[PDB]
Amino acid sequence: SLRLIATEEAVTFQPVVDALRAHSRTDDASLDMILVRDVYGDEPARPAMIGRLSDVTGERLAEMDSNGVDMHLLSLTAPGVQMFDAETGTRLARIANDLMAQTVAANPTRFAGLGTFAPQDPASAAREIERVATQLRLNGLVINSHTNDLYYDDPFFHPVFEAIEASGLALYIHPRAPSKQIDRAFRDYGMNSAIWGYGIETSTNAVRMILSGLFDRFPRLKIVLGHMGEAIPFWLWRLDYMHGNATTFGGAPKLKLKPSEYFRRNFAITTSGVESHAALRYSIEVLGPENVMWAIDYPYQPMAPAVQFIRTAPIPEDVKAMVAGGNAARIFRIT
């Protein structure tokens, strides 16, 4: 009965895996190298992960069937192609996107897909976004927080967002490990990863985007954040209240809307990795039921608990249907 469309479902492809295996041996100081060595390195602490990410029609599909999940919206897993040099990243994004389109075409009632890009080269990424939207006709876009330790308020990335806005495709900004701007505080206790760094990195990116006025420049942008909006829904009152100080003595630019108004107008959120009925109810209350989507975060999270989380949510059936798949169908162009 309930149509379940999971929105943050990671996948990988062999050309990207190979490039990341090679990257795991370099002296890259990016905090993402912890993940890259753990999953893609020569002595991996997480040896089963590559196979699980690569699999689409085997265990992944069997688990979807066992739990009554209708669809996964697939995305190239963090860190995508963003760790590579511009020419390499650009080349692999085209390849990964073609593979994604093929994967979707093989089972289009069970899989939708997000295309990615290499914002190392904003002009080439703009062209790829156009190809993803018009030729591949994928469902949306995905990028993993920062690129080159810069955030998306940086005017360097304007050609990207111009292309994204024109395409009408929603952009899922998924986490990656904290950038060099902040990674010093995240080297201990596994904080580089999902337990804390992922949220701080991604939420801070998003807040810079809002405060810089990116959404006055590109008002038709749709951004999607996982992990219950990387906690931004919790901070909305304070973001609004302190905005006056920010523009008065803080050097923030004057905006047409309040920060929380940009968040409700331009963002939607998913429940990936936050299987909390209390946090779900809060988000629905402050964002509206049209702005919340269910996700699993497979294979980093197991499907059964995520499915049972939404099936048992203490919300009316019509709101449940919206969160479970109705909103995703609208936002990511799924029939």
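Don't overthink the numbering: it's just position in the shown sequence, from 1.
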{"item": "Given 108-116 and 86-94, the range whose Cα B-factors average higher in the PDB entry", "value": "86-94"}
{"item": "Stretch exceeding the other in mean C-alpha B-factor - 121-129, 259-267", "value": "121-129"}
{"item": "Residue, from 240, 153, 230, 216, that the PDB entry assigns the highest Cα B-factor", "value": "216"}
{"item": "Residue of maximum C-alpha B factor among 199, 140, 251, 79, per deposited coordinates", "value": "251"}
{"item": "For residue 24, the third of its chain into which the C-alpha B factor falls", "value": "highest"}
{"item": "Cα B factor band for residue 288 (lowest, middle or highest third within the chain)", "value": "lowest"}
{"item": "Third of the chain's Cα B-factor distribution that residue 62 belongs to, per the entry", "value": "highest"}
{"item": "Residue 297 CA temperature factor, ranked by third within the chain", "value": "middle"}
{"item": "Chain-relative CA temperature factor third for residue 181", "value": "middle"}
